[PDB]
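Visitor: I'd like to ask you about the structure that follows.
A short reminder: the numbers here are calculations on the coordinates, not readings from a lab. Neighbour counts run over all protein chains shown; Cβ positions are idealised from the backbone, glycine included.
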Amino acid sequence: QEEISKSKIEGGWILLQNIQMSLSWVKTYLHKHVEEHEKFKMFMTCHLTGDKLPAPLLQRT
Amino acid sequence: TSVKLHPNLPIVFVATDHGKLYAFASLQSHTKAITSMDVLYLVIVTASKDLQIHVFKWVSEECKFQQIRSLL
Amino acid sequence: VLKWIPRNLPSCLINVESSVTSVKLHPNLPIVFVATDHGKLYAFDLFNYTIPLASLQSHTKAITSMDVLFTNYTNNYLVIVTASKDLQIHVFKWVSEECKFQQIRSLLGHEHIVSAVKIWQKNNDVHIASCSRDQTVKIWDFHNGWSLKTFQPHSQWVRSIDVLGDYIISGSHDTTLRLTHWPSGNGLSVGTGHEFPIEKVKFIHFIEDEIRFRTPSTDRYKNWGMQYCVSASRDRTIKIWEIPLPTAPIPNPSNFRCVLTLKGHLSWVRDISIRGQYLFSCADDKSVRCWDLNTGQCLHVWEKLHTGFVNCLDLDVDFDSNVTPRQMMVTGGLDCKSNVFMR
Amino acid sequence: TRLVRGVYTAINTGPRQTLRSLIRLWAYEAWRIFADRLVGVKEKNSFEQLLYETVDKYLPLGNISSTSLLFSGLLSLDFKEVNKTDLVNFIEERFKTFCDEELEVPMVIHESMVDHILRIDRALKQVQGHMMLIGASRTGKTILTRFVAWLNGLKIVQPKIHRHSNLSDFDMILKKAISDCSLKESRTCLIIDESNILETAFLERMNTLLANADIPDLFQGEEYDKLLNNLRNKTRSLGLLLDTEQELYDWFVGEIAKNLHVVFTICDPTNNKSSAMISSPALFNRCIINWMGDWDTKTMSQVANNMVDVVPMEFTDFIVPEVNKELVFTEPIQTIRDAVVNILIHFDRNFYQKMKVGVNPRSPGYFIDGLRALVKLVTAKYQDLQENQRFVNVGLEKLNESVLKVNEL
Amino acid sequence: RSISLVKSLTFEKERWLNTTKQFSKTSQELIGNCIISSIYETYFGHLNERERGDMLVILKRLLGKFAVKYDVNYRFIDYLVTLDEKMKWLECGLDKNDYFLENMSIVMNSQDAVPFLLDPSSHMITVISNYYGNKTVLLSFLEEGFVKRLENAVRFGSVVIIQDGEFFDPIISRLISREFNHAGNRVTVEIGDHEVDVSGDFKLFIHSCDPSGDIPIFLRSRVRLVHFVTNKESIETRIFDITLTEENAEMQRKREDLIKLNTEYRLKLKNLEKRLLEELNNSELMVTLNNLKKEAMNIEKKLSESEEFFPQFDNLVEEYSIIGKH
Ligand SMILES: Nc1ncnc2c1ncn2[C@@H]1O[C@H](COP(=O)(O)OP(=O)(O)O)[C@@H](O)[C@H]1O
């Protein structure tokens, strides 16, 4: 959370590895963040055989 | 057109020549002129020149007029 | 003249637009006032009941209570007050010349609907008592038209009050009766014993004409002037209560006492009345009873007096010397028909 | 044993009984004990025939249907059989008073809901009498429970359970309710919904409350000592000579048992947590299972007729269609009102069949919403049509009058 | 002037006579049309076009079985969606789709039940935000302080849209179930642990951009669940609009301005006819009616002149039909 805020303010890439291990955080914080800098890109690495990621987050990326 | 009164209430049911019905609740039951009306819950039957008779019941709880059925 | 009992059948019927809530009698002229759930106020002659004398709609909601009074002075008209659910209390004037209703003023300040009002004369001054769902027992002067006292004596909302002298009592939704001194605004004793909200509570009055509950017991109670109270609730019971002697009265360390408990109604008891040794009460079982205070039993039962529920009834006040206790009885019902007993 | 206790209660609180009245009362008790848990209509008919056979072969009498037996102590001072129309009128007046006093809700009274009111009142008048209402959503479970508890003078306690809530808040509200039942001797009707059981530990707490008459977890240590002191002070105020811990706690348990009724509201009994709630060991053996189910077509016809009879509906000709008796759910068709009600019932059944609800109970919310929308829409449309037609007619009359005046001049 | 007044009202007299003739036919089919309208209102909020058509066929069969008359050319948009409401919805940002128009009319004519919006694209949030202007407020079930913000909004009277409908918070149940206690002229509702007042101008919307989520049975049985799912004709129209904007932006601007002017002129003509009827009913006046008739003739001539660009639009549609279908 702190690094996402810092990277949105001052710029910089960021990658979240294994987002399926924190599904509650993905369903609340990530949804409310992607729902609402220029050199800021965020990557998420999940698994095809894992749990179902939320649809509103998935279509926004 | 026609003048009617309640049996034991201080209400006068006066019918206009344009088809409106007034109680002194207003409702234009008849589009054309109304010939005559009769009284008899209280059942009021209105006849007009449009070959259609509408029977209305006067509800005294809310002082409104409700239609039960009509004869054509 | 006091032991009158109404006949088996009614003499005549009064037709009202909707359900009747309160009915009052003029002490002098044989004319009856009928309330209406639609908000209208009626006035029917006891002899010519085909058409009302006067009818007006001063309120926009249901009228809850009314009571009349013939004003007297030591130096003279009829004052009628109307309580309704429209947040306002309307005071009317009944002129006896042309027999029409004349609105005097409106009293505002209640935070919810008002359900009971009381009017009495003392030292050539007329006061209007009131109790509402705002849990406040308020009083408004008839001439000044300004509030005098206001207090919150019940946890729940008050439903009916009655005034004897400078003392007031009140029954509310929490099944308690509170006797509070009006000039000081403090409670004197509490009430417990009911399991359903009070519909009507009124003081019993001493008479000199032998009724058990209308005679004082000791000299201290004779000086106080009040000893018992009658309360009717939704428990299908009528209970005669007892007031302990208080020490600006100071409450003695504070509980009432049920001297006698009546029963026999098949539904909620709505309104009660007193005339001599007989107690007249109506209920939602479309029936009216008649209880003796000396025996506690019911002599006569008026089965199926109204098609629907029976809301209100009253008799002529016999404790007051200024009002002649005529044998006039009139009841109000939910079936849009008022019933009056003649001779 | 429940049947025997019910028969004793009805005889004790009843008038002078005859043999026919005794048989009818026993049949009513049999209906309330053995046949409130039945789901299908054919099982209800089978139970009715079983009662007929048993009565005819052991006690050699009117109709013994579920609705034809209306026993209630509301209309009198004693538990006796009452008529249908006067009971409906009394319930109408008291529900009008209830809507005036507590909350306004536009509900329309039919015979099946009168029967449900009677059985809920019978179950709430008992000692250790708990209910468990099962039926589709918007059938009227919680509002009927609140109305019946208001009739009996009970105090409604509905737990304010929402998301981000744990066992602490549920234990706090349960302890507060128990304190009101015992220390303040106020009668309480605690209504627990299916959605108020967020976790299975809530169900365990309810199970402990129902099996015993208290939760041993809610009074442990310092709070146990506080409960001891408070109830000792209450007993001193009441005026009973209790000093030992055992007798005082038995008084506590007896007061809770006398002054606490729990009513369960369940929408879909197929869900996992609802199935666990139904199949709970001491919820089954203590509660009175009352399966309301979905609305049968007679109830829908009655409520539809009672909500469309007030609108101006019949204004034109109508030919009576030649349709089968199985396709007519109302009375035989005489006006367009019965045809409208039958059309709405048919569309509700066909829509719920097409959506493949399966055996899940059918919510009558769509039926009521469509009825209210149709009433308001036909009122507005009729008003607009008659106003427009009057305007066009007077305009044409004015034009013709002007033309005639110009021709005369 | 009276002679010209009589002569100019020949078309008005003919239209009035035709409407008087068809009044009996429209009154015969009023009940069936109202029944189908209520069925649309309370049943087909959560159905796609195929299911809507199939259940409409079933409803028409069941309506004709009991021999009650209904309009054979009935249409929901022409019966419930008025021209002023349609203009407001299209100006606020609603799509040109008939499905979206039907769902819009379903949502904004539900004055009793709380409308539940299921819009994956999150377009109705900004459509309703444009509809109510600056008095709207956006809340969510997933944010802290939601309870006090909703209480303040109910006290003030603002229009509230609650996002994330699949995370329903059950202390607004009395707001959902419309179980209010009337206190004289004031209406109060108990939310949470303390009652709040209702201003009477407060409207509630629930939005959820997650299809196949989780709606509780208490919430599901008491809301007008309305599904905003994109369909074939919406895709075709959006593809055509995008390719025409990127191909000839000036022509696309001209066509949309022409469409807006044409519908504004039609609304003005309808309002002018209504004003003429009202003025003639409330019967100087001849000069005013002559001016109104001159304005109506000007509007009709404007439409006749503006109807000369339709073949180009039709040719472009026929050209890009293959791109749309692909
Ligand atoms: N007999 C009835 N007549 C009319 N409406 C009813 C009736 N019974 C239930 N309702 C509807 O159901 C709603 C209340 O149902 P409720 O008791 O909340 O259902 P549940 O207990 O499943 O939540 C009311 O809004 C009312 O419109």
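Visitor: Only one residue in C:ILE14, C:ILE51 is assigned to a strand (DSSP E or B) and more than 18 Å from the chain's Cα centre (by Cα), so which one is that?
Guide: C:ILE14
Visitor: Please list, ordered by first then second residue, the pairs with beta carbon atoms under 7 Å, 6 or more apart or interchain, first in region E:204-215 and under 17 Å from A:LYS52 (Cβ atoms), second in a loop (DSSP other than H, G, I, E, B).
Guide: Cβ pairs passing all conditions: E:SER208/E:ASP164; E:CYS209/E:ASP119; E:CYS209/E:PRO120; E:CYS209/E:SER122; E:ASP210/A:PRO54; E:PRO211/E:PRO120.
Visitor: Count, please, the residues in region D:278-310 that happen to be within 15 Å of the ligand (Cβ to nearest atom) and more than 16 Å from the chain's Cα centre (by Cα).
Guide: Count: 11.
Visitor: Starting from residues that are assigned to a loop (DSSP other than H, G, I, E, B) and among the polar types (S, T, N, Q), keep the ones in region E:156-188 and report whichever is farthest from the ligand (Cβ to nearest atom).
Guide: Among residues in region E:156-188 that are assigned to a loop (DSSP other than H, G, I, E, B) and among the polar types (S, T, N, Q), the one farthest from the ligand (Cβ to nearest atom) is E:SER158.
Visitor: Name the residue that is surrounded by the most Cβ atoms within 10 Å (Cβ to Cβ), counting only residues in region B:19-32 that are farther than 12 Å from B:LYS4 by Cα and more than 10 Å from every other protein chain (Cβ to nearest Cβ).
Guide: Selected residue: B:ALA25.
Visitor: Tell me the residue from D:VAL403, D:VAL375 that is within 14 Å of chain B (Cβ to nearest Cβ) and not in a loop (DSSP other than H, G, I, E, B), please.
Guide: Of D:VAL403, D:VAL375, the one residue that is within 14 Å of chain B (Cβ to nearest Cβ) and not in a loop (DSSP other than H, G, I, E, B) is D:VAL375.
Visitor: Of the conditions (1) of a type outside the set (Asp, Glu); (2) surrounded by fewer than 16 Cβ atoms within 10 Å (Cβ to Cβ); (3) touching a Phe, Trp or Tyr at 6+ places or on another chain (Cβ under 9 Å); (4) within 11 Å of chain D (Cβ to nearest Cβ), B:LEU71 satisfies every one except a single condition; which number is it?
Guide: Of the numbered conditions (1) of a type outside the set (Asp, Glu); (2) surrounded by fewer than 16 Cβ atoms within 10 Å (Cβ to Cβ); (3) touching a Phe, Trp or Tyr at 6+ places or on another chain (Cβ under 9 Å); (4) within 11 Å of chain D (Cβ to nearest Cβ), the odd one out for B:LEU71 is (3).
Visitor: Tell me the residue from D:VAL39, D:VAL127, D:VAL114, D:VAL105 that is surrounded by fewer than 18 Cβ atoms within 10 Å (Cβ to Cβ), outside any strand (DSSP E or B) and within 16 Å of the ligand (Cβ to nearest atom), please.
Guide: Selected residue: D:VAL105, the only one of D:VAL39, D:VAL127, D:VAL114, D:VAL105 that is surrounded by fewer than 18 Cβ atoms within 10 Å (Cβ to Cβ), outside any strand (DSSP E or B) and within 16 Å of the ligand (Cβ to nearest atom).
Visitor: Another question about this same structure. Please indicate, with yes or no, whether at least one residue in region E:66-74 is in a loop (DSSP other than H, G, I, E, B), more than 10 Å from chain D (Cβ to nearest Cβ) and aliphatic (A, V, I, L, M).
Guide: yes
Visitor: Just checking, which of E:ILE242, E:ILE215 is part of a helix (DSSP H, G or I) and either within 27 Å of the chain's Cα centre (by Cα) or within 16 Å of the ligand (Cβ to nearest atom) (or both)?
Guide: Testing whether each residue is part of a helix (DSSP H, G or I) and either within 27 Å of the chain's Cα centre (by Cα) or within 16 Å of the ligand (Cβ to nearest atom) (or both) leaves just E:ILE242.
Visitor: Could you please find all residues in region C:210-232 being over 16 Å from C:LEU164 (Cα atoms) and surrounded by fewer than 15 Cβ atoms within 10 Å (Cβ to Cβ)?
Guide: The answer is C:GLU210, C:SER217, C:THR218, C:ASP219, C:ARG220.
Visitor: List pairs: first in region D:338-352 and more than 14 Å from D:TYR366 (Cβ to Cβ), second in a helix (DSSP H, G or I) and among the polar types (S, T, N, Q), Cβ under 9 Å, 6+ apart or cross-chain?
Guide: The qualifying pairs are D:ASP338/D:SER301; D:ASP338/D:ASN305; D:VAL341/D:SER301; D:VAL341/D:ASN305; D:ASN342/D:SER301.
Visitor: Specify the residue that is farthest from the ligand (Cβ to nearest atom); the eligible residues are those in region E:221-237 that are of a type in the set (A, V, I, L, M, F, W, C) and within 14 Å of chain D (Cβ to nearest Cβ).
Guide: The selected residue is E:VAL226.
Visitor: Can you find a residue in region E:260-271 that is over 24 Å from the mean Cα position of the chain (by Cα) and charged (D, E, K, R)?
Guide: Scanning region E:260-271 turns up no residue that is over 24 Å from the mean Cα position of the chain (by Cα) and charged (D, E, K, R).
Visitor: Within the set of pairs 6 or more residues apart or between chains, which connect a residue that is surrounded by fewer than 13 Cβ atoms within 10 Å (Cβ to Cβ) inside region D:1-26 to a residue that is part of a helix (DSSP H, G or I) with Cβ atoms less than 9 Å apart?
Guide: D:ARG2/D:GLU29; D:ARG2/D:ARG32; D:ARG2/D:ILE33; D:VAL4/D:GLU29
Visitor: Would you pick out the residues in region D:281-310 that are within 14 Å of chain B (Cβ to nearest Cβ) and buried (at least 17 other Cβ atoms within 10 Å of the Cβ)?
Guide: Within region D:281-310, D:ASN305, D:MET307, D:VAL308 qualify.
Visitor: Give just the number: which of (1) more than 19 Å from D:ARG138 (Cα to Cα); (2) within 12 Å of another protein chain (Cβ to nearest Cβ) does E:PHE180 not satisfy?
Guide: Condition not satisfied by E:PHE180: (1).
Visitor: Let me ask something else about it. Among what's in region D:352-372 and is surrounded by fewer than 20 Cβ atoms within 10 Å (Cβ to Cβ) and near the ligand (Cβ under 9 Å from one of its atoms), pick the residue that is farthest from the other protein chains (Cβ to nearest Cβ).
Guide: The residue in question is D:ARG372.
Visitor: Here are the criteria: (1) within 14 Å of chain E (Cβ to nearest Cβ); (2) within 15 Å of the ligand (Cβ to nearest atom). Tell me which single one D:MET172 does not satisfy.
Guide: (2)
Visitor: Just the residues that are hydrophobic (A, V, I, L, M, F, W, C) and within 16 Å of the ligand (Cβ to nearest atom), please, taken from region D:183-218.
Guide: D:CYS189, D:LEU190, D:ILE191, D:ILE192, D:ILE197 - these are the residues of region D:183-218 that are hydrophobic (A, V, I, L, M, F, W, C) and within 16 Å of the ligand (Cβ to nearest atom).
Visitor: Restrict the check to region D:141-151 and report whether at least one residue is more than 15 Å from the ligand (Cβ to nearest atom) and either not in a loop (DSSP other than H, G, I, E, B) or not aromatic (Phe, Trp, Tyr) (or both).
Guide: yes
Visitor: Could you please find all residues in region D:130-140 being in contact with a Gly (Cβ under 9 Å, 6 or more places away or on another chain) and near the ligand (Cβ under 6 Å from one of its atoms)?
Guide: D:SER137, D:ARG138, D:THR139
Visitor: Within region D:96-111, how many residues turn out to be more than 11 Å from chain E (Cβ to nearest Cβ) and closer than 24 Å to E:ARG178 by Cβ?
Guide: 7
Visitor: Scan region C:118-146 for residues that are in contact with a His (Cβ under 9 Å, 6 or more places away or on another chain), assigned to a strand (DSSP E or B), under 13 Å from C:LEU69 (Cα atoms) and hydrophobic (A, V, I, L, M, F, W, C) and report the count.
Guide: Residues meeting the conditions: 3.
Visitor: Has region D:55-68 got at least one residue that is basic (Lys, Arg), more than 13 Å from every other protein chain (Cβ to nearest Cβ), outside any loop (DSSP other than H, G, I, E, B) and more than 16 Å from the ligand (Cβ to nearest atom)?
Guide: yes
Visitor: Mind telling me which of the residues E:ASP210, E:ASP201 ends up being in a loop (DSSP other than H, G, I, E, B), surrounded by fewer than 17 Cβ atoms within 10 Å (Cβ to Cβ) and not hydrophobic (A, V, I, L, M, F, W, C)?
Guide: That would be E:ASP201, the only listed residue that is in a loop (DSSP other than H, G, I, E, B), surrounded by fewer than 17 Cβ atoms within 10 Å (Cβ to Cβ) and not hydrophobic (A, V, I, L, M, F, W, C).
Visitor: Mind listing whichever residues of region E:267-284 are within 11 Å of chain D (Cβ to nearest Cβ), loosely packed, with under 15 Cβ neighbours inside 10 Å and part of a helix (DSSP H, G or I)?
Guide: E:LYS274, E:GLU278, E:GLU279, E:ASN281
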